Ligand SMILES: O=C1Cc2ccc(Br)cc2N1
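Quick setup: one chain, the form deposited without the ligand, written in structure tokens, and binding and motion questions come after.
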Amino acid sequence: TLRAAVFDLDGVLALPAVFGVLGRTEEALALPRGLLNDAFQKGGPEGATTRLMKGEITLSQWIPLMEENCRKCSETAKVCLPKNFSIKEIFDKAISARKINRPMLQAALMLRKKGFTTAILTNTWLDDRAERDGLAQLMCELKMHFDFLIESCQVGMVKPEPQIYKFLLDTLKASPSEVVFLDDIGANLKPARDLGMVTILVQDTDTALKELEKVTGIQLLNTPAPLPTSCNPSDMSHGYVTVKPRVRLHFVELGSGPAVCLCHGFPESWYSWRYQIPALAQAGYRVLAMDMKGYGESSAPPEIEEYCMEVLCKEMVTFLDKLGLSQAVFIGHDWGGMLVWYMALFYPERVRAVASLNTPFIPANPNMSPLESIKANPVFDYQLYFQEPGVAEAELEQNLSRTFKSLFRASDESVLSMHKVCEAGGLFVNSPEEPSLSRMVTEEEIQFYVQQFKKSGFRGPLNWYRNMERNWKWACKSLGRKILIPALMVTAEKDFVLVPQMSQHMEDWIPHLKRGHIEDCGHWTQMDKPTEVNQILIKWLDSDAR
């Protein structure tokens, strides 16, 4: 029967509440108990604060009204306000003090995931203070997780007036007995209750979640640790830049602050960074998640040499130029990892910082041809399989579902040995027709990649492996150099190809190199361990790219 959950903001989705800054201030300053609260509510439905909450006047216009209220209350209470008493100051601090109550957001997220319509209904104000960005940020971080946000000052109504609850019901398209509504103010519950809504009086969070959990019959408390926020492809800003006549690059873009350019591996997509994109934006960065050349909505010319590193890097430079970016932080995985190390080596003026997941930096060997080098590691045999134009294409294109469902698997779920791929005749010769779904991905996610690869298939992506000689000769030019810009290498314990030991000599070429290491993590790092990837990246960005 319950179909919808509605949350207040102050004291429910965000803590501490401001009403409790009035109380704390009165104490701190030894003012009569309740004095500030009395000034706040002065005049009831006709007072300054209701005008504020209804959108009639802005925060800044209200501040001196509260001021006057406070003087009038202190005069009748026959006390003096303290020299330097300041409403602006009290509220500035209160508004910046208040953070998202994570357990409550997590319970709302959970209810939405099992099918609840969720809404935030709040008494709030039009904030024109110099410091208003703070609150704008909070509301953005919160509102994205909900079906609706109803704000008193946008609708001209306030809790507890009954018309707002009618407006709520109509927005939900639900009847009162389908709604649970949580608030920290009992008078605000009363009208919800009159209509027959389940209402929860929120004091400490855990008790309200207990009541919410009992009343919905869904686990909300003690639940396992949830994944980071993912990206819905059709809610993203999509960007397109032509870097030369036949080639346009596509990217998804989110957030503001230093530019951070994300470069995926083979055979992937911008969407491989779906767990990192909202977290890095949230952390104060401008994320640009690419489709690399050959993929998704980026161009995919047929010719092998279009995909050598030299050209790929020059095109990434052109990308910054057309976007008007003097630098970006470059973070890559797998092939995207090899590329960013090259950006570091050939265009350090354009790289604010560099990081790689899985892909080590190993200088080219000027004496050994890369083909020969490759034969020296049984686990790189798949690379030789990939050389002959057409062969890997036909296997990889034959059944896209099975391709992604076979590749994208956690380390304890593998279905492809990387062993003697050439001899076997294929990458999948000995894996199922219909693979089971990895714990790492939903069916919908597999299908996005399938739809992406329907545009150009595997020729462009495979081409990235078909320039071993050209990249070797180019890389040899850089053997005298070191990487001396900020740099982060992230190893993944259970990547059986890019093993962590392959990265061991990196400090000889990158002496100030920083590291993270992720246990129990296979090759598809970003989706296998998205929580730990995000922590290691944000911590490194904040300390080394900021």
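One-based numbering along the sequence shown.
If you look for the form deposited with the ligand bound, you will not find it shown, but the lines that follow are about it.
Proximity to the ligand in the entry with it bound, defined as a heavy atom within 4.5 Å, holds among 449, 319, 342, 275 only for 342.
Proximity to the ligand in the entry with it bound, defined as a heavy atom within 4.5 Å, holds among 271, 335, 165, 146 only for 335. Put simply, residue 347 is far from the ligand in the entry with it bound: not one heavy atom of it is within 4.5 Å. In the entry with it bound, the ligand sits within 4.5 Å of a heavy atom of residue 370. Although the partner is absent here, residue 199 lies well away from the ligand in the entry with it bound, with no heavy atom inside 4.5 Å. In the entry with it bound, the ligand sits beyond 4.5 Å of every heavy atom of residue 288.
The putative spot formed by 118, 120 and 216 is not touched by the ligand in the entry with it bound; no residue has a non-hydrogen atom within 4.5 angstroms of it. Stretch 468-476 is the contacting one of 128-136, 468-476, 229-237, 323-331, since its residues have non-hydrogen atoms within 4.5 Å of the ligand in the entry with it bound.
Residues are counted as partner-facing when one of their heavy atoms sits within 4.5 Å of the ligand in the entry with it bound; in 303-330 only 309 qualifies.
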